[PDB]
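Presented below is the structure to which this report refers.
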Amino acid sequence: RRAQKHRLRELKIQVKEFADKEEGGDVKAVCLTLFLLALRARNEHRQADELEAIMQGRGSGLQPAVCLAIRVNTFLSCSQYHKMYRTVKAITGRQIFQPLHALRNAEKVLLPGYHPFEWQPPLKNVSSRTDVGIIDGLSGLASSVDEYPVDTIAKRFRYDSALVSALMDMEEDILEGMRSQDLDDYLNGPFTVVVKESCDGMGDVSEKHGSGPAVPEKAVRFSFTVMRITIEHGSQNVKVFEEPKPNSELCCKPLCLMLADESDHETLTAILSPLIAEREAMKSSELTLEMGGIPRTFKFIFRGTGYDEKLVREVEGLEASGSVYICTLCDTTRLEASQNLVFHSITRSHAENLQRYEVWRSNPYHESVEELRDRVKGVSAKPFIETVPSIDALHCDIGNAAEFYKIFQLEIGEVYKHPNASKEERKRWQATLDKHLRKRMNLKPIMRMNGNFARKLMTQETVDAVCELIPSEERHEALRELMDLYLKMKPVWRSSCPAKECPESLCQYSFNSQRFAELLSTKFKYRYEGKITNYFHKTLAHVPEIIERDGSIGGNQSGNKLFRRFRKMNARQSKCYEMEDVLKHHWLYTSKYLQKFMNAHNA
Amino acid sequence: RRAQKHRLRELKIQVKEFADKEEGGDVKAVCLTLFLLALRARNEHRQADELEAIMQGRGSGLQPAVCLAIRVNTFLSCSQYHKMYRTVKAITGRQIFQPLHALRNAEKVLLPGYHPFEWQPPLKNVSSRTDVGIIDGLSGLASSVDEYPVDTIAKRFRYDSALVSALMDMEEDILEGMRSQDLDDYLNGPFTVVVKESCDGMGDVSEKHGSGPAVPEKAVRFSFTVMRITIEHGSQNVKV
Ligand SMILES: [Ca+2]
Ligand SMILES: [Zn+2]
C-alpha cells in the first residue's frame, strides 16, 4: 500500500481535487460511484449487487444483535465465543462475527435504563433519574448486627425502567401491528397496556455432588408479562397487539430475584413492598415515549392473576388450608359447599378485606373468638397485595376425575345397601377395579394422580366397561348422563377462547350444572359426607363469572432448570455479582427482539 | 446511473488516459487500489478487507473439519450447534456452516479404524480386519453370575488402529519436516518411532445429587504418546 500510494499519489490528488471542486470534499462517495461503474463496464453485475450489499452491510455482516441472540440462546461463555470469533476470522480472512466490546454495546442498548422518557404526572416517591439498571433488591436494608438479621440476596430492577425497556423492545412489533390493523404509522396515544402479574418460587437450586446434604437453598422470582395492547380512534377501540402464548417461558420478564423461602413472610414482604409502592404510584400516571420518531402516551392496567393457591392464601391474609373457608371468591364454608353447589357469587375484594382486617383488629362488639372467626370469614392478616385470582384447566379436570374415581369405587361397592363397610373391603373393591381396568383398558394404575391418567380415564368406553360390572342399569344411565354433562362442560374451560370457540356450550352452563347438581344431590346422595374440594367448588360455582370477567382459563420444572443452567454456565462468584449476572442474562433471554431474530428459519 | 455517468464522463476519460499512460489500459487494478487506499484512510478497514476477500475470490463457506474442530474445542452439543447452523443459514441466505451429516462423515474419516494398512509379519493372535474401532475393553469377559463378578465398564480401541490413525494425522507434520530437512517426498522407511505410555486414575468422576455422597467412583484412562519420529538413511539418522 505504501508503494501503491507512491504510484497513485498524483491520481489521488486529482480525484480529491475534483471532489472538493464539485461536491466539496466527498472523496469517499465519488470513489464508491467511480469504482462501481468501473466494475459495471465489465458486466459483472453479481459483484455490483454484492458491493451494494456490503456497503449496505446486509450481506455477510452479522449485525451484533443477531450474534448476541445466538450467544444468549446457545449458552456460550465469553472465552469460547472469543475463540470461535478469532478462529473463523483467521480461517476466512473476513470478519463474519463481531468482537466482544460491540457485543457489550449491543447488550447495553437492550438493558433497562437506556432510553429517555418522562411522565405527565411527576410520579411521587420515585427518583426521576433515568439511567438506573440493576439495583440492589433490598432498597437499602439494615444489614448491621444490632438489627434483625437477614441473609438473603436480592437483585431487582426499577419497575418503570423495565416497563420502558420492554416497550422499546416490542416497538417494531407494535409498529407493524398498527400498520396491519389499517391505521397510520403516525398516531399519538394513549396506548393502554394490560399487563399480567405473577410470582413463583422455584424450589431448590443447590448442586452438591457430595459432602452430605449441603443446603436446601430456596429461592423465588417476581416477574411480569405484557399481555395485550389496545388503542382507540375516536370512540372505536382496537386490539392493536395480542400475545399468542401467555404462560410460556419466553415472555416472562423478571423484575426481581431473591434467594429466600416462599413462606418466610417478613423478608418476602420487606423486599416486595417498594415494587408495590412503585406500582401504585404508576397506576394513576401517564408515560411519554419517543419510539416511532414521534411521542406517544401510555396508561396502564395491572391484573395480578399469575399466583398459585398457597401463595394467594398467604399474601392476601387468608387461612392457609385447614379452615372451613375454601373459596377465594365466595365466603362459602365447607359445610355449605357440600350443601349448596352453585348458587353463589363473587364477594371478595381488596378494600373490604382491609376493612375486615380492621374489624379484626378493633373488635368493636367485644364478641368471642369463634364468632369473630366466622364474622370475618377467615381474615387474619393485614392484606398488602391486590390480586384477582383465577384457575387453570388441569386442576379442574383433575378434581373432577379425583371425584369420579371415588364414585366408581362406591359404585362397585353397592354401598347404597351396605351403609358401612370395612376399609379393606373398599381396598379390595379398588383392587378389583384396578384388575378390571387393566384387563379391559390396559391401563397401569398408580396412587398418585396426574393430568395424564385423569385425562385418559374420561372416555365413554371406560365408563361403559365399569358400568357393565354393576347391575340395575338405571345406574348406567345415571353415569351416562353424568359423563355427558362432564364432556359437555369440558371444552368450555378447555378452549382458551370460549366466547368464540364454543359459545353454544358456554350457554346452557348454569342449566347443565344445575342438572348435574340435581343428579348428585338426589341420585348419588351418598357422597354427602361434608368432604368437598375447593377445586370442585370453583368448577361448580365460579366458572361463568370468571369467564365474563376475562374470557380465558389461560410447566413446573421450567424456571428452575433454566435458573440452574444460568447459574452453572455463565456466572461470577462471591454471591454479589452472581445474581446480577443471572438476572441480566434472564432479561436478555426473555427479549422479543432476540427471539424474533432467532426463529427466522420458519420464514 | 446515466446521470452520474454524465457527471463523471470527464473523470472516466481522465483516469482512462492515466490508465493507458501509467500501466497501459489497467483501469481495474488502479481503480481497485484507489478504492482500497481511500477506504483504508477512512479507518473502517472491515469493509476494506471484506472487499479484498470478495474480489480476490476467498470462499465464504468453509471445510467441515474446521466446524468439527471448533465444535469439539468449545464443547457444544449437536442440538445447539444445529440451532446455530440453521440460524446463520436463515440470516445469511447463503450457507457457510455445515449440517451434521458431513460432520459425522469427516469424523469417521478422522476416527481410527478406517484406513487400510498392512504388516509384513503376520502378527500372531491379532485379527486381520482393518475396520474395527471402538470395542469392549472386557475382551469377552463373561460376567455371568456363576463366575467372578465385576461391574467395571471398559471401552478400548485396537492399538495398531490408534497407531496408524495417529500416523495418518501427523502425516502432514512429517511431510513438512521431510521437506524442511533437505529431503524428498518419495522416500521409503523404515521410520523408527519412539512411543511412551501412561495410565493414571483420576479419583472421583461422579456428580451424585439424589442423596449426596453415594460412592467414590474411581476411573482410569490408559493412553499412549508419540514423542519422536526418525529415519536413518545412508550413514546417519535425522529427527524428522
Ligand atoms: Ca494420581
Ligand atoms: Zn365460591
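First to last, the sequence lines map onto chains F and E.
Take any residue in the first sequence, count from 1 to its spot, add 660: that is its number in the working numbering.
Take any residue in the second sequence, count from 1 to its spot, add 1: that is its number in the working numbering.
Note that CB positions come from ideal geometry on N, CA and C, so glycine has one too.
In summary, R881(F) is buried, with 16 or more beta-carbon neighbours lying within 10 Å of its beta-carbon over all protein chains present. From the beta-carbon of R87(E), the residues of chain F found nearer than 7 Å are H1261. For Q896(F), the enclosing beta strand (DSSP E) has its first and last residue at 896 to 902. Nearest CB-CB separation between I961(F) and chain E: not below the 8 Å threshold.
With its beta carbon less than 8 Å from one in chain E, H869(F) belongs to the interface.
Per DSSP, the continuous beta strand (DSSP E) segment holding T231(E) begins and ends at 219 to 233. Secondary structure of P65(E) (DSSP, three-state): helix. Here the alpha carbon of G1059(F) sits roughly 15 Å from the alpha carbon of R1187(F).
Assigned with DSSP and collapsed to three states, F1171(F) falls in helix. The C-beta of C1127(F) has 16 or more other C-beta atoms within 10 Å across all chains shown, which makes the residue buried. Within the region 754 to 767 of chain F, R754, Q755, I756 place their CB atoms closer than 8 Å to a CB of chain E, listed in sequence order. Excluding five sequence positions before and after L1243(F), the CB atoms of its chain that fall closer than 7 Å to its own CB belong to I794, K815, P914, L917, given in chain order.
Membership of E1071(F) in any beta strand (DSSP E) is not indicated; the residue belongs instead to the alpha helix (DSSP H) covering 1053 to 1073. Counting only runs that start and end inside the region 149 to 218 of chain E, the alpha helix (DSSP H) elements of at least 4 residues fall at 160 to 170, 172 to 181.
Interface with chain E (8 Å Cβ-Cβ cutoff): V726(F) is included. Using a Cβ-Cβ cut-off of 8 Å, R47(E) is close to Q755 of chain F, given in chain order. Apart from sequence neighbours up to five positions away, the residues of its chain that approach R1224(F) with a beta-carbon distance below 8 Å are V865, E867, ordered along the chain. The Cβ atoms of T885(F) and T852(F) do not sit closer than 8 Å to each other. Taking the Cα of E45(E) as reference, the smallest distance to any Cα among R706(F), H705(F), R700(F), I714(F) is reached at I714(F). At a cut-off of 8 Å, the C-beta of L111(E) has no neighbouring C-beta in chain F. According to DSSP, residue pairing for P113(E) in a beta bridge does not occur. Nearest C-alpha to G861(F) among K970(F), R1209(F), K905(F): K970(F). Under the 8 Å criterion on CB atoms, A163(E) is classed as non-interfacial with respect to chain F.
Where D1034(F) is concerned, the enclosing alpha helix (DSSP H) starts and stops at 1029 to 1035. When distances are taken from the beta-carbon of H1096(F) to the heavy atoms of ligand 2, even the shortest one reaches 7 Å or more. Under DSSP, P914(F) takes part in a beta bridge, and its partners are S883(F). Partner residues in the beta bridge of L947(F), as assigned by DSSP, are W779(F), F958(F). Those residues placing their Cβ nearer than 7 Å to any heavy atom of ligand 2 are, following chain order, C987(F), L989(F), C990(F), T992(F), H1004(F), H1197(F), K1198(F), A1201(F), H1202(F).
Annotation: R1108(F) has no Cβ neighbours in chain E at a cutoff of 9 Å; minimum Cβ distance is about 19 Å. Sorting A701(F), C691(F), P1024(F) by C-alpha distance to the C-alpha of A42(E) places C691(F) at the top.
For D709(F), no beta strand (DSSP E) run applies; the uninterrupted alpha helix (DSSP H) run containing it begins and ends at 705 to 716, by DSSP. The three-state reading of DSSP puts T993(F) in strand, counting E and B together. Setting aside the 5 residues that flank it on each side, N1194(F) is surrounded in the same chain by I986, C987, each with a C-beta closer than 7 Å to its C-beta; the list follows chain order. The three-state reading of DSSP puts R1008(F) in coil, since its state is none of H, G, I, E or B. A distance below 8 Å separates the beta carbons of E938(F) and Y819(F).
Rounded to the nearest whole angstrom, the CA to CA distance from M942(F) to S1234(F) is 35 Å.
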